[PDB]
Amino acid sequence: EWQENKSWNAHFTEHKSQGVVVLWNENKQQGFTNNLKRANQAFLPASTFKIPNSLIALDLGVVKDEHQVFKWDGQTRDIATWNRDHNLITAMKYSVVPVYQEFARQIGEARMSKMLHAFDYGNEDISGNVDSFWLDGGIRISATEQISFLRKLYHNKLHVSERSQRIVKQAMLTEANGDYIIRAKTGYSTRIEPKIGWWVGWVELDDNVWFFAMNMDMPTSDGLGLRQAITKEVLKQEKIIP
Ligand SMILES: CNC(=O)COc1cc(C(=O)O)cc(-c2ccc(C(=O)O)c(OCc3ccccc3)c2)c1
């Protein structure tokens with residue numbers, strides 16, 4: 001049910017890069033990765049944590065729906081797309097940390113820990129600051145654990161309302177055409193070593209879904225586009241996307 005494919009390493013090496021890609025064929029119920037050890041090593045989730053954070057805020061009513069506007073606080077931050085009003089859709093798309101920090105403060109440590117325990121999310125550990133533990137606290141999750149979480153989400157099995165899960169899957173929409181739909185969430189972990197980039201989600205086909213979770217070493221922000229690029233090359237090699 002798990003199978004290693006060292007050939008994908010060619011795509012990391014081609015870009016002077018290091019990391020892991022994990023795929024899960026939902027229909028056949030089996031998985032593939034270029035590095036079984038790394039696939040199960042636990043990293044900070046960073047902004048991939050916006051998937052559970054969104055689910056929790058929605059189910060608790062911290063966020064009423066995907067249209068509720070979170071007004072820019074007027075602080076001019078380093079990322080231009082952060083210096084504006086957001087809803088849940090745009091906050092997810094632009095990884096607007098300060099919006100989700102407000103969610104986390106509203107959720108609170110007790111509810112947050114209870115929820116992550118209910119989700120079986122990673123090591124279920126929120127130690128650190130209530131509004132940054134997923135970037136520099138004690139929470140950790142592996143690429144394999146990301147897929148297990150993402151499969152519950154896809155099937156509406158997580159303990160939150162089906163409504164919450166449908167809203168978050170809508171907000172995860174990243175790309176779609178006649179050939180496929182990608183629902184995914186990037187992450188960029190820079191506060192604690194090793195600096196890594198993440199991309200987790202799934203590719204929806206006509207008659208199957210391919211879940212994926214990748215992380216890679218990311219010493220500089222200049223290589224952030226490699227998250228999607230290397231993932232897509234793997235997908236093409238496997239004839240999942242054209
Ligand atoms: C052009 N950018 C956009 O449109 C959306 O902007 C982002 C995209 C992405 C992505 O993963 O791609 C990631 C972030 C992001 C995530 C976490 C933190 C954190 O606080 O740890 C963070 O800190 C500020 C920062 C500024 C500059 C360089 C490094 C860090 C930024 C922001």
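Note that ligands are numbered from 1 as they come in the structure, with each ligand's atoms numbered from 1 the same way. Numbering starts at 1 and runs along the sequence shown. Basis for what follows: all heavy atoms, side chains included, without hydrogens, waters or symmetry-related copies.
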Asker: Would you confirm whether any non-hydrogen atom of the protein falls under 4.0 Å from atom 1 (C) of ligand 1?
Answerer: no
Asker: Any side-chain heavy-atom pair from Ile139 and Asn123 closer than 4.5 angstrom?
Answerer: yes
Asker: What pairs of residues pass the ring pair (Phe, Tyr, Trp, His ring centres under 6.0 Å) test when at least one of them lies in residues 180-199, not counting sequence neighbours?
Answerer: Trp199-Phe212
Asker: Check ligand 1 against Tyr94 and write out every atom of the ligand that is under 4.0 Å from a heavy-atom position of the residue.
Answerer: 4 (O), 5 (C), 6 (O), 7 (C)
Asker: Are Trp202 and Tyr154 near enough that their ring centres are under 6.0 Å apart?
Answerer: yes
Asker: Is it the case that the side chains of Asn35 and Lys6 hold a donor-acceptor pair, with the cut-off being a distance below 3.5 Å and no angle test?
Answerer: no
Asker: Quick test: of every protein heavy atom, which one is nearest to atom 17 (C) of ligand 1, and how far off is it to 0.1 Å?
Answerer: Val97 CG2, 3.6 Å
Asker: Do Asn53 and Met112 have side chains that approach each other closer than 4.5 Å (heavy atoms only, starting at C-beta)?
Answerer: yes
Asker: Under 3.5 Å, side chain of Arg111 to main-chain N/O of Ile107, donor-acceptor pair present?
Answerer: yes
Asker: Taking the six-membered ring for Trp and the full ring for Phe, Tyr or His, determine whether the centres of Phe49 and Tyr100 are under 6.0 Å apart.
Answerer: no
Asker: Which residue and atom name correspond to the protein heavy atom nearest atom 13 (C) of ligand 1, and how close is it?
Answerer: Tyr188 CB, 4.0 Å
Asker: May I ask you to identify the nearest protein heavy atom to atom 6 (O) of ligand 1, giving residue, atom name and distance to one decimal place in Å?
Answerer: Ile79 CG2, 3.4 Å
Asker: For ligand 1, find out whether one of its N or O atoms is nearer than 3.5 Å to an N or O atom of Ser95.
Answerer: no
Asker: Does atom 19 (C) of ligand 1 have a protein non-hydrogen atom under 4.0 Å from it?
Answerer: yes
Asker: Starting from atom 4 (O) of ligand 1, what is the nearest protein heavy atom, named by residue and atom, and what distance separates them?
Answerer: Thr81 OG1, 3.1 Å
Asker: When only distance counts, is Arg227 in polar contact with ligand 1, meaning an N/O pair under 3.5 Å?
Answerer: yes
Asker: Short list, please: which atoms of ligand 1 are under 4.0 Å from a heavy atom of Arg191?
Answerer: 19 (C), 20 (O), 21 (O)
Asker: Going by the order shown, which atoms of ligand 1 are within less than 4.0 Å of some heavy atom of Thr186?
Answerer: 11 (O)
Asker: Set out, in order, the CA-CA distance, both residues' side-chain angles and the distance that settles salt bridge (charged side-chain N to carboxylate O under 4.0 Å, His left out) for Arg38 and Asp217, then state yes or no.
Answerer: CA-CA 12 Å; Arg38 201 177 161 133; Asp217 301 345; 3.0 Å; yes
Asker: Checking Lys236 against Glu238 for the salt bridge (charged side-chain N to carboxylate O under 4.0 Å, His left out) test, could you report, in this order, the C-alpha distance in whole Å, the side-chain angles of both residues, the deciding distance, and whether it holds?
Answerer: CA-CA 5 Å; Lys236 287 166 190 162; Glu238 300 306 298; over 6 Å; no
Asker: For atom 22 (C) of ligand 1, what is the closest protein heavy atom, and at what distance to 0.1 Å?
Answerer: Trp82 CH2, 3.7 Å
Asker: Distance under 4.0 Å to a non-hydrogen atom of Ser47: what atoms of ligand 1 satisfy this?
Answerer: 16 (C)
